[PDB]
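Under the deposited numbering, read the sequence shown as residues 1 to 330, first letter to last.
C-beta: ideal position from N, C-alpha, C; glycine also.
First the structure, in the form of structure tokens, and then the observations on it.
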Amino acid sequence: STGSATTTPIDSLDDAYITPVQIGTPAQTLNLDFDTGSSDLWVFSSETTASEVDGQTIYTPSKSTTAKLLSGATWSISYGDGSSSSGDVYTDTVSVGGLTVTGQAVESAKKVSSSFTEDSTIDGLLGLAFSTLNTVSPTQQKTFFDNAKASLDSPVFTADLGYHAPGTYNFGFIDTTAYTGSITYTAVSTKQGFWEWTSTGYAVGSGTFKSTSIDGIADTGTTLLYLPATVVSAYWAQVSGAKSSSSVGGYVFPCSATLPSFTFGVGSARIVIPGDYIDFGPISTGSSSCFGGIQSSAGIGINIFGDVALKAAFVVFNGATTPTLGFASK
Numbered sequence: 001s002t003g004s005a006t007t008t009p010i011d012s013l014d015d016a017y018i019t020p021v022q023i024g025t026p027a028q029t030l031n032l033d034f035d036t037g038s039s040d041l042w043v044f045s046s047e048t049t050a051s052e053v054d055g056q057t058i059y060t061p062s063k064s065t066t067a068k069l070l071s072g073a074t075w076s077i078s079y080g081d082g083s084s085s086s087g088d089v090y091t092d093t094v095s096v097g098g099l100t101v102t103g104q105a106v107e108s109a110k111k112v113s114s115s116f117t118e119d120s121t122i123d124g125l126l127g128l129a130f131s132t133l134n135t136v137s138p139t140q141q142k143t144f145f146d147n148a149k150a151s152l153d154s155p156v157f158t159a160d161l162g163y164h165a166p167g168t169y170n171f172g173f174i175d176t177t178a179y180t181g182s183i184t185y186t187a188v189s190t191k192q193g194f195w196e197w198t199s200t201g202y203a204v205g206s207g208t209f210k211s212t213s214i215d216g217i218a219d220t221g222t223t224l225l226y227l228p229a230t231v232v233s234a235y236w237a238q239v240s241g242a243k244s245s246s247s248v249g250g251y252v253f254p255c256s257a258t259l260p261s262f263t264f265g266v267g268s269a270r271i272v273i274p275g276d277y278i279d280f281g282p283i284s285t286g287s288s289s290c291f292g293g294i295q296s297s298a299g300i301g302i303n304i305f306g307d308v309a310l311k312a313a314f315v316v317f318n319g320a321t322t323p324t325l326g327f328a329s330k
């Protein structure tokens, strides 16, 4: 089997992407944030504290003939940005782009933090990291991909995120029309439960490529590109007036600037992030100071190839017995 679903930016800055997901019988369609950096499929629901719901579509398990309470199971998750959610667990039928999993753990939120409440466009998350990170207790649950895997034509999914445009998540096949040139594959470590890999270096604009190992994670649920301070300093040094602002929380630059591209290495291959992808617009409405899309990972504890990087590529998440990641230009 295969599935194919369109993913759409939630706003004009590509802050996140939502993908429609069918849950239950009859189907309840919720727009979920597919997150290769976490491993819980959780939804706003009829159980979510009412004051914490502001415009989201909710899952109502009592209206699904295939929903079953997973007795005794609870979940609680905190994300890298400090947001969080928690609740209890149902199993139900879940379909993405025509690919159906029965008995999927659907984690029903009783509580969500303010960032989730304030984002009316995101009805929940669908985690696509390794199932070892799943937070359900006392019995850890599998991700949608892990459950689907044995049925898939090939044990893969691909992320093809758009720049200010829709894109695609495919499951079970590689669309050879969706990228240019070849796919370069690179090793993955699952030791931390992430799609963790090592980039072979970087370039700033038309500058020479610096060969250097950068360990990081491919994370569709993170907006920006977080890299070591040395790398990020080298990038912003090429932008007149750019500076790191502790008050704002990162690198800012004059909105009048033209930003250079940023290249990252995948083996001997190179992925180029256009400068426009790195402009995240005014820090506040009407400001002429703009927020950078490449930021330091210092004090995050890990480098993160978030949407800024991933949307410049066609990305293969290969969940074979030995997992790998593939990147192609597009």
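**Message:** Quick check for students: name the residue ranges of the beta strand (DSSP E) that lie wholly in the stretch 86 to 172, counting only runs of 3 or more.
**Reply:** Counting whole runs of 3 or more residues, the stretch 86 to 172 contains the beta strand (DSSP E) stretches 99 to 112, 124 to 127, 156 to 160 and 167 to 171.
**Request:** Starting from the Cα of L30, find the closest Cα among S83, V96 and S51 and give me that residue.
**Result:** When only C-alpha atoms are compared, the closest one is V96.
**Beta-carbon separation (whole angstroms), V316 vs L310, contact threshold 8 Å** = That belief does not hold up - the Cβ atoms of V316 and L310 are roughly 11 Å apart, past 8 Å.
**Beta-carbon spacing of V101, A148 below 8 Å** = Contact: yes.
**Prompt:** Sorted by chain position, which residues of the same chain lie with C-beta nearer than 7 Å to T25's C-beta, five sequence neighbours on each side aside?
**Reply:** The answer, listed in chain order, is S64, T65, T66 and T93.
**Prompt:** Which partner residues of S289 appear in the DSSP bridge assignment?
**Reply:** For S289, the pairing in a beta bridge is given by DSSP as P254.
**Asked** Since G265 sits in a beta bridge, which residues does DSSP pair it with?
**Response** Paired residues: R270.
**Item:** alpha helix (DSSP H) segment containing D215, residue limits
**Value:** Annotation for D215: no alpha helix (DSSP H) segment contains it, though the beta strand (DSSP E) segment containing it runs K210 to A218.
**Item:** Supposed contact pair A129 and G37 - C-beta distance, whole angstroms, cut 8 Å
**Value:** Yes, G37 and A129 are in contact; Cβ-Cβ is about 6 Å, under 8 Å.
**Request:** Give a yes or no on whether the C-beta atoms belonging to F262 and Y202 are separated by under 8 Å.
**Result:** The answer is yes: Cβ separation under 8 Å.
**Prompt:** By the 10 Å Cβ neighbour count, where 16 or more other Cβ atoms means buried, how is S246 classified, buried or exposed?
**Reply:** Classified as exposed, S246 has fewer than 16 neighbouring CB atoms from the shown chains inside 10 Å of its CB.
**Request:** Below 8 Å on the Cβ atoms is my guess for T60 versus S83; work out the distance and round it to an integer in Å.
**Result:** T60 to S83, Cβ: 23 Å. No contact.
**Asked** According to the Cβ coordinates, are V252 and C290 closer than 8 Å?
**Response** Taking 8 Å as the Cβ cut-off, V252 and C290 qualify as a contacting pair.
**Message:** Three or more C-beta pairs under 8 Å: does that hold for the stretch 291 to 305 against the stretch 215 to 224?
**Reply:** Cβ pair count under 8 Å is three or more, so yes.
**Request:** May I have the straight-line CA-CA distance separating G181 from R270, to the nearest angstrom?
**Result:** Cα to Cα, the separation comes out at about 11 Å.
**Prompt:** What are the start and end residues of the beta strand (DSSP E) that includes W197?
**Reply:** Where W197 is concerned, the enclosing beta strand (DSSP E) starts and stops at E196 to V204.
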